[PDB]
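Protein chains in written order, with PDB author numbering: chain Z, 1 to 142; chain Y, 2 to 130; chain l, 1 to 25; chain j, 4 to 115; chain i, 76 to 133; chain E, 30 to 255.
For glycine and all other residues, C-beta sits at the position ideal for the given N, C-alpha and C.
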Amino acid sequence: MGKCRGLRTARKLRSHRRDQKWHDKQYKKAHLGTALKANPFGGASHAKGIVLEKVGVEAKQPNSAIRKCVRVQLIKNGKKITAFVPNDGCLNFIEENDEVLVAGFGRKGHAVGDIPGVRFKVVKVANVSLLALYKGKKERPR
Amino acid sequence: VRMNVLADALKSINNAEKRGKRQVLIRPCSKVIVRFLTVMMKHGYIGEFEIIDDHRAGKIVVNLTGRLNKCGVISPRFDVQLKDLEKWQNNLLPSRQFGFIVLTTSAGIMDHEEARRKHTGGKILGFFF
Amino acid sequence: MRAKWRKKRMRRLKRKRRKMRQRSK
Amino acid sequence: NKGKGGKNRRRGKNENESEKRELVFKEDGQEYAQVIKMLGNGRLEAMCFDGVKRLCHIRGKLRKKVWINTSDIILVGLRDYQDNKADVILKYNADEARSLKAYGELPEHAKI
Amino acid sequence: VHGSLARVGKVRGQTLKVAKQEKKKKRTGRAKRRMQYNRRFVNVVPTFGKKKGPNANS
Amino acid sequence: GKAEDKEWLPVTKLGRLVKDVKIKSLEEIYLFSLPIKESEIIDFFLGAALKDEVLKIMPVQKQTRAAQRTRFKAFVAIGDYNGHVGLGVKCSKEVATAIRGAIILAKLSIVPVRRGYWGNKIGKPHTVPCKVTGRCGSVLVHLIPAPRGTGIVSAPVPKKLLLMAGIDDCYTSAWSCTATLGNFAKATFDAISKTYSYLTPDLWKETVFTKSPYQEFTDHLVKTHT
RNA sequence: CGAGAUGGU
RNA sequence: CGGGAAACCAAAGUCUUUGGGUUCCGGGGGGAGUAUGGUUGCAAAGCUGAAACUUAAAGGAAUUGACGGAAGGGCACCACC
RNA sequence: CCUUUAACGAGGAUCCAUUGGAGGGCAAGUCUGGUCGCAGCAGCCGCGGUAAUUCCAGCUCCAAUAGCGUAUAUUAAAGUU
């Protein structure tokens with residue numbers, strides 16, 4: 001409640017605001033740089049990696065399903081990721097030991113919906129898009 | 002402690018107006034208070050007033066007519082220039098049609114409409130409507 | 001009194017961790 | 004008909020595990036198994052009779068209905084990927100399990 | 076159930092397939108906004124106050 | 030059936046006078062600040078010029094030994110687009126009775142609205158006369174004068190009441206839980222209502238008194254009436 | 001002032 | 001009086017009609033008063049004090065039910081004498 | 001290349017407009033066939049266990065239009081610094 005108002009108080013006002021900004025959760029992680037070292041993409045919107053393994057993860061209650069996912073190793077860091085595969089039957093296009101392009105799931109590093117602990121999704125397989133494969137416009141070259 | 006006398010004078014009038022009382026007593030008196038009251042009286046917001054000598058700064062009794070909606074103080078006496086006065090009357094007044102800011106200037110204590118005719122800036126004291 | 005007991009549980013774990021690390025070097 | 008638990012909760016529809024319980028055998032992608040251990044969280048350890056042990060999971064349809072137990076006999080669906088993991092499809096009663104072995108459908112390993 | 080659980084692509088593979096029944100071309104640009112104006116404002120039939128939307132089926 | 034007369038007969042002194050003698054407007058009912066308790070008085074003065082709007086229908090319920098028991102609550106606004114607006118609420122076991130009951134209370138609540146100018150005084154007035162505010166629950170609502178031809182700068186709920194009141198131009202602001210439509214509507218109607226009871230320099234001249242309608246027509250209520 | 005834990009439909 | 005989400009408060013009032021002076025200090029729930037460095041102490045310990053990761057609510061005041069190995073009236077051989 | 005100008009150049013079944021949607025927030029179907037807590041959808045609240053307004057498809061309708069969708073940094077909304 002008691003804020004100082006005197007005509008020479010500008011050093012107290014300016015430096016107290018500067019000190020109190022560090023209690024905002026969004027301000028702190030943008031300015032310390034610990035989150036930028038921790039993030040498995042080094043500040044990019046997308047990354048390339050190689051498919052290790054295909055897996056099915058159990059959805060959180062109150063609903064019931066097996067959500068189709070992949071485990072991936074990124075090219076530029078060699079660190080490990082798991083990513084969701086959108087649409088009905090798309091797991092049949094992916095194969096193993098080949099390149100995917102991966103993207104964020106839409107919530108800036110947090111998980112989405114009933115899938116436990118998955119932060120990423122697949123968008124391109126062997127330089128062809130999953131949408132162009134799913135709508136029959138293109139096919140995997142072999 | 003008492004850091005400012007003009008803020009007491011206006012808070013005391015403002016509480017008496019809201020209770021519907023016909024008179025109020027202001028203490029201590031000052032040269033700044035007598036000049037501020039005179040600007041409200043000349044525009045028709047208060048009645049006439051009388052000063053008591055007591056050999057210790059003095060006292061004032063004021064007569065109230067029921068027209069006053071508010072009077073108030075801006076505590077740091079900020080400087081104003083003619084180009085910036087529009088922003089202050091946009092912040093503090095209830096309409097463009099009525100109410101007044103009070104300034105202190107080297108030509109005297111005055112109404113913010115008179116400061117434009119006299120082509121002068123100053124420091125802010127308070128307002129009424 | 002669960003919070004007072006969670007405070008006691010942490011103090012005895014910290015006393016163990018203290019003696020374990022300060023023995024090493 | 005006869006209850007075999009005891010409670011207020013008559014609020015469901017009765018189980019009727021009766022009459023035309025027509026005997027079910029494998030298709031492609033399925034195996035018969037015996038339960039070895041039960042874990043927490045709706046999952047279990049099971050051995051199928053050609054000798055590959057797996058970690059196994061109760062399908063959402065069988066929750067709080069078809070109570071599985073140790074040494075019980077079940078029908079299991081295999082995955083085309085992640086071969087260590089599988090899901091339960093059916094339980095066989097001791098009356099059905101002996102009919103599977105009478106049709107020669109099970110190796111002489113399963114207990115009844 | 077037929078085959079195993081956790082089989083991908085099941086319902087898109089089961090679904091019976093039907094060819095497109097359309098023939099005629101739609102309008103474009105100015106001519107489509109002209110058509111929408113005449114259908115929504117110019118000649119109109121009134122109803123009871125529980126007024127009815129553009130795609131009412133029953 | 031056919032809409033002949035005698036659907037109404039008065040039950041108050043004011044109703045006996047309005048049906049008979051030269052009470053010529055609502056403004057001479059407002060001047061003496063009288064309560065209105067017969068809905069047919071406002072159909073006599075404003076009538077078919079009044080237009081009607083359902084703001085929300087809301088379910089509410091109480092717990093019992095057997096089950097949850099549900100009622101429907103309707104919020105209704107009414108006005109003539111030229112200086113009169115009202116708001117009303119009722120809760121009933123069925124929606125059709127709740128709406129029909131809410132319209133009667135929205136007619137009994139009508140108030141006169143003041144209008145003014147932002148600039149120089151050309152033509153007829155078109156905005157609020159000065160900066161005003163109203164409260165309900167935690168919700169606070171505030172209205173500000175605007176130059177000619179801006180329209181209303183507001184969310185949907187306050188915009189509909191200001192349009193029905195007959196205000197063309199307005200800037201607005203709000204604070205705390207506006208997601209409760211009932212407190213947001215009442216905070217807006219409280220701000221609109223205060224416009225005719227703010228003391229301003231054009232209202233400073235001395236008041237001249239007259240006799241009230243019960244005093245001028247004091248013999249009409251006696252000689253042939255009950 | 002005896003002893004009186006627990007909860008698939 | 002007036003204020004408030006209300007319980008309540010002559011202050012917890014004189015606030016969108018928002019500025020008497022001035023000190024300390026909060027920013028969704030957890031991880032956590034934890035790890036690590038410094039410092040004080042004979043010891044127990046005190047002071048200062050993170051992040052990775054995780055999550056759709058956690059919480060305040062009040063209303064109507066149901067429930068109590070809570071209290072007070074009254075009743076029944078599908079209760080007891 | 002643009003501008004200027006002779007000769008050929010249009011009946012629509014072509015000289016054929018697309019990208020996202022139709023439970024709510026938020027414009028637009030309590031149509032018809034398939035699946036059956038599976039396959040899948042879903043920013044958020046939520047849909048699917050044999051009569052699905054939400055999945056997969058046909059028809060109809062909505063929005064912006066030579067453009068429309070998604071990931072990530074940042075300003076407003078935030079009187080949530």
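Is the CB of residue i under 8 Å away from at least one CB in chain Y?
i                      : result
residue 159 of chain E : yes
residue 233 of chain E : yes
Measuring only between beta-carbons, confirm whether residue i sits less than 8 Å from chain j.
i                      : result
residue 113 of chain Z : no
residue 55 of chain Z  : yes
Answer yes or no: does any C-beta atom of chain Z fall closer than 8 Å to that of residue i?
i                     : result
residue 85 of chain j : yes
residue 63 of chain j : yes
residue 93 of chain i : no
residue 57 of chain j : no
residue 86 of chain i : yes
residue 82 of chain j : yes
So with CB distances below 7 Å, who are the chain E contacts of residue i?
i                     : result
residue 70 of chain Y : 228
residue 99 of chain Y : 229, 230
Which word fits residue i, buried or exposed, when buried means at least 16 other C-beta atoms lie within 10 angstroms of its C-beta?
i                      : result
residue 8 of chain j   : exposed
residue 212 of chain E : buried
residue 33 of chain j  : buried
residue 102 of chain j : exposed
residue 122 of chain i : exposed
residue 175 of chain E : buried
residue 146 of chain E : buried
residue 96 of chain Y  : buried
residue 254 of chain E : exposed
residue 119 of chain Z : buried
residue 110 of chain j : exposed
residue 4 of chain Z   : exposed
residue 95 of chain E  : exposed
residue 117 of chain E : buried
Just the chain Y side, please: which residues come within less than 8 Å of residue i by C-beta, in chain order?
i                    : result
residue 6 of chain Z : 77
Could you list which residues in chain i have their beta carbon closer than 9 Å to that of residue i, in chain order?
i                      : result
residue 117 of chain Z : By Cβ distance, chain i contributes nothing, its closest Cβ being about 19 Å from residue 117 of chain Z, past 9 Å.
residue 30 of chain j  : 76, 77, 78, 79
Below 9 Å on C-beta distance, what does residue i contact in chain Z?
i                     : result
residue 60 of chain j : 58, 66
Name the chain i residues whose beta carbon is nearer than 7 Å to that of residue i?
i                     : result
residue 33 of chain j : 79
residue 88 of chain Z : 84, 86, 87
residue 52 of chain Z : Simply none; closest approach about 18 Å.
residue 92 of chain Z : 83, 84
For chain E, is any of its Cβ atoms less than 8 Å away from the one on residue i?
i                      : result
residue 96 of chain Y  : yes
residue 128 of chain Y : no
Whose Cβ in chain j lies nearer than 9 Å to the Cβ of residue i?
i                      : result
residue 102 of chain Z : Going along chain j, no residue has its Cβ under 9 Å from residue 102 of chain Z, so there is no contact; the nearest lies around 19 Å.
So, does the CB of residue i fall closer than 8 Å to a CB anywhere in chain i?
i                      : result
residue 131 of chain Z : no
Below 7 Å on C-beta distance, what does residue i contact in chain j?
i                     : result
residue 76 of chain i : 92
Three-pair Cβ contact test at 8 Å for the region 139 to 148 of chain E versus the region 117 to 126 of chain E: Between the region 139 to 148 of chain E and the region 117 to 126 of chain E there are fewer than three C-beta pairs closer than 8 Å, too few to call the two in contact.
Beta strand (DSSP E) runs wholly inside the region 52 to 125 of chain Z, at least 3 long, in chain order: Within the region 52 to 125 of chain Z, the complete beta strand (DSSP E) runs of at least 3 residues are 66 to 74, 80 to 84, 99 to 104, 120 to 125.
Segment contact flag, the region 25 to 42 of chain j with the region 33 to 52 of chain Z, C-beta cutoff 8 Å, min 3 pairs: No contact exists between the region 25 to 42 of chain j and the region 33 to 52 of chain Z.
Segment contact, 8 Å Cβ cut-off, at least three pairs: the region 79 to 96 of chain j with the region 22 to 34 of chain Z: Contact between the region 79 to 96 of chain j and the region 22 to 34 of chain Z is absent: fewer than three C-beta pairs spanning the two stretches fall below 8 Å.
contact_flag[the region 190 to 203 of chain E, the region 155 to 171 of chain E] where n(CB pairs < 8 Å) is 3 or more: Output reads yes: the region 155 to 171 of chain E touches the region 190 to 203 of chain E.
At least 3 beta-carbon pairs within less than 8 Å: the region 73 to 82 of chain j vs the region 41 to 53 of chain j: Taking a contact to require three or more Cβ pairs closer than 8 Å, the region 73 to 82 of chain j and the region 41 to 53 of chain j qualify as touching.
Three CB pairs or more closer than 8 Å across the region 91 to 109 of chain i and the region 49 to 66 of chain j: With a cut-off of 8 Å, the region 49 to 66 of chain j and the region 91 to 109 of chain i do not count as touching, because too few Cβ pairs lie within range.
At least 3 beta-carbon pairs within less than 8 Å: the region 178 to 198 of chain E vs the region 104 to 118 of chain E: The answer is yes - the region 104 to 118 of chain E touches the region 178 to 198 of chain E, with three or more Cβ pairs under 8 Å.
Beta strand (DSSP E) runs wholly inside the region 88 to 115 of chain Y, at least 3 long, in chain order: Here the runs fully enclosed are 101 to 106, 109 to 112.
Whole runs of the beta strand (DSSP E) within the region 92 to 158 of chain E, excluding any shorter than 3 residues: You should have 97 to 108, 113 to 121.
Inside the region 103 to 127 of chain i only - alpha helix (DSSP H) runs reaching at least 4 residues: Correct list: 105 to 112.
Start-end ranges of the beta strand (DSSP E) lying completely within the region 2 to 60 of chain Y, minimum 3 residues: Whole beta strand (DSSP E) segments, 3+ residues: 24 to 27, 50 to 53.
Stretch-stretch touch, CB-based, cutoff 8 Å, three pairs: the region 51 to 67 of chain Y with the region 214 to 225 of chain E: With a cut-off of 8 Å, the region 214 to 225 of chain E and the region 51 to 67 of chain Y do not count as touching, because too few Cβ pairs lie within range.
Three-pair Cβ contact test at 8 Å for the region 72 to 83 of chain Z versus the region 15 to 31 of chain Z: Between the region 72 to 83 of chain Z and the region 15 to 31 of chain Z, the count of C-beta pairs closer than 8 Å stays below three; the two stretches do not touch.
Every unbroken beta strand (DSSP E) within the region 75 to 103 of chain j, with a cutoff of 3 residues, ordered by chain: Whole beta strand (DSSP E) segments, 3+ residues: 76 to 81, 88 to 95.
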